[PDB]
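So this one's final_33.txt, compact mmCIF, N, CA and C atoms:
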# COMPACT_ATOMS: atom_id res chain seq x y z
N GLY Z 1 11.84 14.05 12.04
CA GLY Z 1 10.47 13.85 12.58
C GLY Z 1 9.69 12.82 11.79
N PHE Z 2 8.46 13.17 11.44
CA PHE Z 2 7.59 12.32 10.62
C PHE Z 2 7.35 10.96 11.25
N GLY Z 3 6.92 10.98 12.51
CA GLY Z 3 6.52 9.75 13.18
C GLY Z 3 7.68 8.98 13.79
N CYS Z 4 8.82 8.99 13.12
CA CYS Z 4 9.99 8.32 13.66
C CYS Z 4 10.60 9.19 14.76
N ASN Z 5 10.94 10.43 14.39
CA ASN Z 5 11.33 11.49 15.32
C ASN Z 5 12.67 11.26 16.00
N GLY Z 6 12.90 10.06 16.47
CA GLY Z 6 14.10 9.76 17.20
C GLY Z 6 14.08 8.36 17.76
N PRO Z 7 15.13 7.96 18.49
CA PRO Z 7 15.27 6.60 19.01
C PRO Z 7 14.15 6.21 19.96
N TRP Z 8 13.68 7.19 20.71
CA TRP Z 8 12.68 6.99 21.76
C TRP Z 8 11.43 6.35 21.19
N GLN Z 9 11.01 6.82 20.03
CA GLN Z 9 9.83 6.30 19.37
C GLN Z 9 10.23 5.44 18.18
N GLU Z 10 10.64 6.10 17.10
CA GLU Z 10 11.13 5.44 15.90
C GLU Z 10 10.11 4.48 15.31
N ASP Z 11 9.10 5.04 14.67
CA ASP Z 11 8.16 4.26 13.89
C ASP Z 11 8.57 4.31 12.42
N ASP Z 12 9.25 3.26 11.97
CA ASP Z 12 9.78 3.21 10.61
C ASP Z 12 8.67 3.32 9.57
N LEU Z 13 7.55 2.66 9.84
CA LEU Z 13 6.43 2.67 8.92
C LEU Z 13 5.84 4.07 8.79
N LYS Z 14 5.93 4.86 9.85
CA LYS Z 14 5.48 6.25 9.80
C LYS Z 14 6.32 7.03 8.80
N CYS Z 15 7.63 6.81 8.85
CA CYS Z 15 8.54 7.42 7.90
C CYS Z 15 8.21 6.93 6.50
N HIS Z 16 8.04 5.61 6.38
CA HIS Z 16 7.63 4.99 5.13
C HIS Z 16 6.36 5.65 4.60
N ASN Z 17 5.34 5.69 5.44
CA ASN Z 17 4.04 6.28 5.11
C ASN Z 17 4.16 7.75 4.71
N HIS Z 18 5.05 8.48 5.37
CA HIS Z 18 5.27 9.87 5.03
C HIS Z 18 5.73 10.00 3.58
N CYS Z 19 6.68 9.17 3.20
CA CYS Z 19 7.23 9.20 1.85
C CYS Z 19 6.20 8.72 0.83
N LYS Z 20 5.26 7.90 1.28
CA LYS Z 20 4.20 7.38 0.41
C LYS Z 20 3.32 8.51 -0.09
N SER Z 21 3.19 9.54 0.73
CA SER Z 21 2.35 10.69 0.39
C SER Z 21 3.10 11.67 -0.51
N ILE Z 22 4.38 11.42 -0.73
CA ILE Z 22 5.18 12.29 -1.58
C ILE Z 22 5.26 11.70 -2.99
N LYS Z 23 5.27 12.61 -3.98
CA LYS Z 23 5.23 12.29 -5.43
C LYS Z 23 5.32 10.81 -5.77
N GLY Z 24 6.53 10.33 -6.01
CA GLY Z 24 6.72 8.95 -6.42
C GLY Z 24 7.70 8.22 -5.53
N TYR Z 25 7.75 8.61 -4.27
CA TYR Z 25 8.62 7.95 -3.31
C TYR Z 25 8.04 6.59 -2.95
N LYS Z 26 8.91 5.59 -2.92
CA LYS Z 26 8.50 4.21 -2.71
C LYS Z 26 8.31 3.91 -1.24
N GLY Z 27 9.28 4.32 -0.44
CA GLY Z 27 9.21 4.08 0.98
C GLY Z 27 10.09 5.04 1.74
N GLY Z 28 10.15 4.85 3.05
CA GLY Z 28 10.95 5.72 3.88
C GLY Z 28 11.53 5.01 5.07
N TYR Z 29 12.69 5.46 5.51
CA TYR Z 29 13.36 4.87 6.65
C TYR Z 29 14.10 5.93 7.44
N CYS Z 30 14.22 5.70 8.73
CA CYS Z 30 14.95 6.60 9.60
C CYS Z 30 16.44 6.41 9.37
N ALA Z 31 17.11 7.47 8.92
CA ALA Z 31 18.50 7.35 8.51
C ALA Z 31 19.46 7.46 9.69
N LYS Z 32 19.25 8.45 10.55
CA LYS Z 32 20.18 8.71 11.63
C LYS Z 32 19.50 8.64 13.00
N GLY Z 33 19.13 7.43 13.40
CA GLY Z 33 18.64 7.22 14.75
C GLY Z 33 17.24 7.76 14.95
N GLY Z 34 16.36 7.48 14.00
CA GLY Z 34 14.98 7.89 14.13
C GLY Z 34 14.72 9.32 13.71
N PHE Z 35 15.71 10.18 13.92
CA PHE Z 35 15.57 11.61 13.67
C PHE Z 35 15.09 11.91 12.25
N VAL Z 36 15.94 11.63 11.28
CA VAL Z 36 15.67 11.99 9.90
C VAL Z 36 14.96 10.87 9.14
N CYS Z 37 13.89 11.25 8.46
CA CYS Z 37 13.10 10.35 7.64
C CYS Z 37 13.53 10.46 6.18
N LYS Z 38 14.38 9.54 5.77
CA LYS Z 38 14.88 9.52 4.40
C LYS Z 38 13.96 8.66 3.53
N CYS Z 39 13.79 9.08 2.29
CA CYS Z 39 12.86 8.43 1.37
C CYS Z 39 13.58 8.00 0.11
N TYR Z 40 13.03 7.01 -0.59
CA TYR Z 40 13.63 6.53 -1.82
C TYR Z 40 12.57 6.36 -2.90

Please, can you express the file's structure as structure tokens?
Amino acid sequence: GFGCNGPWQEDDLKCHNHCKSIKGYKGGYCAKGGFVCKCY
């Protein structure tokens, strides 16, 4: 989820922004077709 949600929508920046709100995560990207929002 987290704004990306899946292929239909897939807002990468939403995923990015989600991770921005987490401790010290730099950014975020949809790992498996929008579904999962992975952070680094």

List every residue of chain Z that DSSP, applied to the backbone, labels as helix (DSSP H, G or I), and write the result as a PDB file with N, CA and C atoms, in the coordinates of the input.
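Everything below was put into states-v1.pdb:
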ATOM      1  N   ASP Z  12       9.250   3.260  11.970  1.00  0.00           N
ATOM      2  CA  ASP Z  12       9.780   3.210  10.610  1.00  0.00           C
ATOM      3  C   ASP Z  12       8.670   3.320   9.570  1.00  0.00           C
ATOM      4  N   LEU Z  13       7.550   2.660   9.840  1.00  0.00           N
ATOM      5  CA  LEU Z  13       6.430   2.670   8.920  1.00  0.00           C
ATOM      6  C   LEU Z  13       5.840   4.070   8.790  1.00  0.00           C
ATOM      7  N   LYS Z  14       5.930   4.860   9.850  1.00  0.00           N
ATOM      8  CA  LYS Z  14       5.480   6.250   9.800  1.00  0.00           C
ATOM      9  C   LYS Z  14       6.320   7.030   8.800  1.00  0.00           C
ATOM     10  N   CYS Z  15       7.630   6.810   8.850  1.00  0.00           N
ATOM     11  CA  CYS Z  15       8.540   7.420   7.900  1.00  0.00           C
ATOM     12  C   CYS Z  15       8.210   6.930   6.500  1.00  0.00           C
ATOM     13  N   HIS Z  16       8.040   5.610   6.380  1.00  0.00           N
ATOM     14  CA  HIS Z  16       7.630   4.990   5.130  1.00  0.00           C
ATOM     15  C   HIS Z  16       6.360   5.650   4.600  1.00  0.00           C
ATOM     16  N   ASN Z  17       5.340   5.690   5.440  1.00  0.00           N
ATOM     17  CA  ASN Z  17       4.040   6.280   5.110  1.00  0.00           C
ATOM     18  C   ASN Z  17       4.160   7.750   4.710  1.00  0.00           C
ATOM     19  N   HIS Z  18       5.050   8.480   5.370  1.00  0.00           N
ATOM     20  CA  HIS Z  18       5.270   9.870   5.030  1.00  0.00           C
ATOM     21  C   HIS Z  18       5.730  10.000   3.580  1.00  0.00           C
ATOM     22  N   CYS Z  19       6.680   9.170   3.200  1.00  0.00           N
ATOM     23  CA  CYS Z  19       7.230   9.200   1.850  1.00  0.00           C
ATOM     24  C   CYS Z  19       6.200   8.720   0.830  1.00  0.00           C
ATOM     25  N   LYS Z  20       5.260   7.900   1.280  1.00  0.00           N
ATOM     26  CA  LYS Z  20       4.200   7.380   0.410  1.00  0.00           C
ATOM     27  C   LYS Z  20       3.320   8.510  -0.090  1.00  0.00           C
TER      28      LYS Z  20
END

Residues within 6.5 Å of (8.9, 5.5, 0.4), file coordinates, counting all atoms listed in the file: what are they? Give the list as a ChimeraX atom specification.
/Z:15-20,25-29,39-40

Env of residue Z:5: 6.5 Å cut, atoms = all atoms listed in the file, seq-sep filter 2 positions within chain, self excluded. Answer as an NGL selection string.
:Z and (1-3 or 7-11 or 33-36)

Residues from last step as file, N, CA and C atoms, as a PDB file, in the coordinates of the input:
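result-v3.pdb written:
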ATOM      1  N   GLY Z   1      11.840  14.050  12.040  1.00  0.00           N
ATOM      2  CA  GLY Z   1      10.470  13.850  12.580  1.00  0.00           C
ATOM      3  C   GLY Z   1       9.690  12.820  11.790  1.00  0.00           C
ATOM      4  N   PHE Z   2       8.460  13.170  11.440  1.00  0.00           N
ATOM      5  CA  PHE Z   2       7.590  12.320  10.620  1.00  0.00           C
ATOM      6  C   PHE Z   2       7.350  10.960  11.250  1.00  0.00           C
ATOM      7  N   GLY Z   3       6.920  10.980  12.510  1.00  0.00           N
ATOM      8  CA  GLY Z   3       6.520   9.750  13.180  1.00  0.00           C
ATOM      9  C   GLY Z   3       7.680   8.980  13.790  1.00  0.00           C
ATOM     10  N   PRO Z   7      15.130   7.960  18.490  1.00  0.00           N
ATOM     11  CA  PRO Z   7      15.270   6.600  19.010  1.00  0.00           C
ATOM     12  C   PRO Z   7      14.150   6.210  19.960  1.00  0.00           C
ATOM     13  N   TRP Z   8      13.680   7.190  20.710  1.00  0.00           N
ATOM     14  CA  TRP Z   8      12.680   6.990  21.760  1.00  0.00           C
ATOM     15  C   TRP Z   8      11.430   6.350  21.190  1.00  0.00           C
ATOM     16  N   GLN Z   9      11.010   6.820  20.030  1.00  0.00           N
ATOM     17  CA  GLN Z   9       9.830   6.300  19.370  1.00  0.00           C
ATOM     18  C   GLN Z   9      10.230   5.440  18.180  1.00  0.00           C
ATOM     19  N   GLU Z  10      10.640   6.100  17.100  1.00  0.00           N
ATOM     20  CA  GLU Z  10      11.130   5.440  15.900  1.00  0.00           C
ATOM     21  C   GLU Z  10      10.110   4.480  15.310  1.00  0.00           C
ATOM     22  N   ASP Z  11       9.100   5.040  14.670  1.00  0.00           N
ATOM     23  CA  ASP Z  11       8.160   4.260  13.890  1.00  0.00           C
ATOM     24  C   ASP Z  11       8.570   4.310  12.420  1.00  0.00           C
ATOM     25  N   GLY Z  33      19.130   7.430  13.400  1.00  0.00           N
ATOM     26  CA  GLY Z  33      18.640   7.220  14.750  1.00  0.00           C
ATOM     27  C   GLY Z  33      17.240   7.760  14.950  1.00  0.00           C
ATOM     28  N   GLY Z  34      16.360   7.480  14.000  1.00  0.00           N
ATOM     29  CA  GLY Z  34      14.980   7.890  14.130  1.00  0.00           C
ATOM     30  C   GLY Z  34      14.720   9.320  13.710  1.00  0.00           C
ATOM     31  N   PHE Z  35      15.710  10.180  13.920  1.00  0.00           N
ATOM     32  CA  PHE Z  35      15.570  11.610  13.670  1.00  0.00           C
ATOM     33  C   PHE Z  35      15.090  11.910  12.250  1.00  0.00           C
ATOM     34  N   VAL Z  36      15.940  11.630  11.280  1.00  0.00           N
ATOM     35  CA  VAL Z  36      15.670  11.990   9.900  1.00  0.00           C
ATOM     36  C   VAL Z  36      14.960  10.870   9.140  1.00  0.00           C
TER      37      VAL Z  36
END

May I ask for the distance between atom N of residue Z:23 and atom N of residue Z:6, given in Å to one decimal place?
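These two atoms are separated by 22.0 Å.
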
Residue list (strand (DSSP E or B), DSSP) for chain Z, as a CSV table (one decimal) with N, CA and C atoms, keeping the file's coordinate frame:
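Result saved to states.csv:
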chain,number,residue,atom,x,y,z
Z,28,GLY,N,10.2,4.8,3.0
Z,28,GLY,CA,11.0,5.7,3.9
Z,28,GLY,C,11.5,5.0,5.1
Z,29,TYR,N,12.7,5.5,5.5
Z,29,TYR,CA,13.4,4.9,6.6
Z,29,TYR,C,14.1,5.9,7.4
Z,30,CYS,N,14.2,5.7,8.7
Z,30,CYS,CA,15.0,6.6,9.6
Z,30,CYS,C,16.4,6.4,9.4
Z,37,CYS,N,13.9,11.2,8.5
Z,37,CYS,CA,13.1,10.4,7.6
Z,37,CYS,C,13.5,10.5,6.2
Z,38,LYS,N,14.4,9.5,5.8
Z,38,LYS,CA,14.9,9.5,4.4
Z,38,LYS,C,14.0,8.7,3.5
Z,39,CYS,N,13.8,9.1,2.3
Z,39,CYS,CA,12.9,8.4,1.4
Z,39,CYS,C,13.6,8.0,0.1

With 5 Å added on each side, what axis-aligned box encloses every listed atom of stretch 1-16 of chain Z? Give the centre and edge lengths in Å to one decimal, as AutoDock Vina command-line options.
--center_x 10.4 --center_y 8.4 --center_z 13.2 --size_x 19.8 --size_y 21.4 --size_z 27.2

Between atom N of residue Z:4 and atom N of residue Z:37, what is the spacing in Å?
7.2 Å
